[PDB]
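A.B. asks: Following this message is one structure expressed as structure tokens.
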Amino acid sequence: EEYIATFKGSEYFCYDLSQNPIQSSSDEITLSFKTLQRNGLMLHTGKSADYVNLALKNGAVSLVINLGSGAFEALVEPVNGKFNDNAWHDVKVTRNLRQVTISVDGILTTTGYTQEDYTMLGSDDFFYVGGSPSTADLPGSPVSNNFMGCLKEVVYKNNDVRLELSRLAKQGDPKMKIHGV
Ligand SMILES: [Ca+2]
């Protein structure tokens, strides 16, 4: 059973981190996405200088991460055809301390490091999936559009926690809320 959610441009999931803050020196994020749109927020967590932002930005997969001492921005461009071709594309983001790697469809990979010395991502805000109350204003966001398309199997995990966000949205949770205009 996969857990697939459809977004139409005015919707998002919102997982409440206030009582179980993210405090992570190494993370992984996986999902698959399907869309016809060039721009859209896939996922975000964090405020101020600690954040992770994942989005399609003019057809490329865009990831911006900051651990509090300066952001890294990774773009993955398509090679043959397009990511917004309404076929499923798998995303994987792996971070160990400051080392960041994102791969799309296994093969297409951009790797780098967040700036300077900070290794810890802190977030007691919300984990957003598919959009947010005001996407343009999210730290590190290159887009203002919520997602319009499908997202499945969204998982954030570190050594302490595993957040099966797509499963939680589908199955229900006290900390999980679905918003639609
Ligand atoms: Ca930090």
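In the deposited numbering, the protein residues as written are 280 to 378, 394 to 475.
The C-beta atom is built at its ideal place from N, Cα and C for all residues, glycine as well.
1) May I ask you to list the residues that DSSP assigns as paired with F312?
2) Closest to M442 by C-alpha separation, out of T373, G425, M414 and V331, would be which residue?
3) Only counting the same chain, and skipping five residues up and downstream in sequence, which positions put a Cβ closer than 8 Å to that of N440?
4) Run the proximity test for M414: is its beta-carbon closer than 7 Å to any non-hydrogen atom belonging to ligand 1?
5) Let me check you understand the geometry: is the CB of residue 494 closer than 7 Å to at least one non-hydrogen atom of ligand 1?
6) Taking 7 Å as the line, does the beta carbon of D419 fall inside it for any heavy atom of ligand 1?
7) Tell me which residue opens and which closes the beta strand (DSSP E) that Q378 is part of.
8) Tell me the DSSP bridge mates of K451?
9) Along the beta strand (DSSP E) that carries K471, what are the first and last residues, could you check?
10) Got a sec? Which residues, its chain only, sit under 7 Å from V355 by beta carbon, not counting five neighbours each side?
11) Flag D306 as yes when its Cβ comes closer than 7 Å to any non-hydrogen atom of ligand 1, and as no otherwise.
12) So the beta strand (DSSP E) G406 belongs to, where does it begin and stop?
13) Are the CB atoms of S417 and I301 within a distance shorter than 8 Å?
14) Between the beta-carbon of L445 and the beta-carbon of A284, is there less than 8 Å?
15) Hey, could you find the ends of the beta strand (DSSP E) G338 is sitting in?
C.D. replies: Reading from the atomic positions:
1) In the sequence shown, residue 312 corresponds to position 33, counting from 1. Answer by DSSP bridge pairing, in chain order: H368 and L445.
2) Here residue 442 refers to the residue found at position 148 when the sequence shown is read from its first residue. When only C-alpha atoms are compared, the closest one is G425.
3) Within the sequence shown, numbered from 1, the residue matching residue 440 stands at position 146. Excluding sequence neighbours, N440 sits near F286, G288, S289, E290, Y291, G319, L320, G424, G425, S426 and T429.
4) Counting from 1 along the sequence shown, the entry for residue 414 is found at position 120. True, at least one ligand heavy atom lies under 7 Å from that Cβ.
5) Here the chain has residues from 280 to 475 only, and residue 494 is not among them.
6) Sequence index remark: in the sequence shown, residue 419 carries index 125 (1-based). Result no, Cβ not under 7 Å from ligand 1.
7) Residue mapping note: residue 378 aligns to position 99 of the sequence shown, counting from 1. From DSSP, the beta strand (DSSP E) with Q378 extends over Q378 to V398.
8) As a first step, residue 451 is located in the sequence shown; it is residue number 157 there, counting from the start. Looking at the DSSP assignment, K451 forms a beta bridge with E307 and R456.
9) Taking the sequence shown and counting its residues from 1, one reaches residue 471 at position 177. It spans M470 to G474 - the beta strand (DSSP E) in which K471 sits, taken as one unbroken run.
10) Counted from its first residue, the sequence shown places residue 355 at position 76. Only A339, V340, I396, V398, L402 and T404 meet the Cβ criterion.
11) Here the question's residue 306 lines up with position 27 in the sequence shown. No; taking the cut-off as 7 Å, the Cβ of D306 has no heavy atom of ligand 1 nearer than that.
12) Counting from one through the sequence shown, the residue named residue 406 turns up at place 112. Run containing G406: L402 to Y407, per the beta strand (DSSP E) assignment.
13) Position 22 of the sequence shown, counted from the start, is the residue given in the question as residue 301. Position 123 of the sequence shown, counted from the start, is the residue given in the question as residue 417. Yes; because the gap between Cβ atoms is below 8 Å, this pair is in contact.
14) Translated into the one-based positions of the sequence shown, residue 445 becomes position 151. Translated into the one-based positions of the sequence shown, residue 284 becomes position 5. Result yes, Cβ atoms of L445 and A284 sit closer than 8 Å.
15) Here residue 338 refers to the residue found at position 59 when the sequence shown is read from its first residue. Here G338 belongs to no beta strand (DSSP E), and DSSP marks it neither H nor E.
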